[PDB]
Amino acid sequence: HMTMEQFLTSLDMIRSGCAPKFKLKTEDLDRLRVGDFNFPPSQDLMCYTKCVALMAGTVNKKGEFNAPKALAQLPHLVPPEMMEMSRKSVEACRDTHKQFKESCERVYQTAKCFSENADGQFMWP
């Protein structure tokens, strides 16, 4: 498992493996970091979210969200304090990806759904 302290630091480590692949605005990343997905994303920002989810092993390369695998991965992704919120959001957003065809959009829309269904503070790497 991870502690809250390890979680908050993991956010930066995850970002470091994905951000360099894209052209991104710091203010966009700042907003996603606090779960504010309330602004139009660029293609780059959407594909950044796919890179993050791919690292997490929660989507495939087609951006299809894998709910059972996400649930299995949660202890490697969030601290105990965030487990139930995350469980609830996986359940609410498991089918979000089926409304979209393009892989980066599929992941971005699912992440946005997580942020919107989060009954507490939501943080994206």
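Heads up: residue numbers just count along the shown sequence, starting at 1.
Undergrad: Per the record, averaged over C-alpha atoms, which has the higher B-factor: 15-23 or 99-107?
TA: Mean CA B-factor is higher for 99-107.
Undergrad: 40-48 versus 87-95: which one carries the higher mean Cα B factor per the record?
TA: It is 87-95 that shows the higher mean C-alpha B-factor.
Undergrad: Select one of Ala67, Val78, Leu29, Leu54: the residue whose C-alpha shows the highest B-factor in the crystal structure entry.
TA: Result of the comparison over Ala67, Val78, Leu29, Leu54: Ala67.
Undergrad: Would you check the entry's CA temperature factor for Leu8 and let me know if it's in the chain's lowest, middle or highest third?
TA: Answer is lowest: the recorded C-alpha B-factor places it there.
Undergrad: Compare the C-alpha B factor of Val34 with those of the other modelled residues in its chain, then answer lowest, middle or highest third.
TA: Lowest third.
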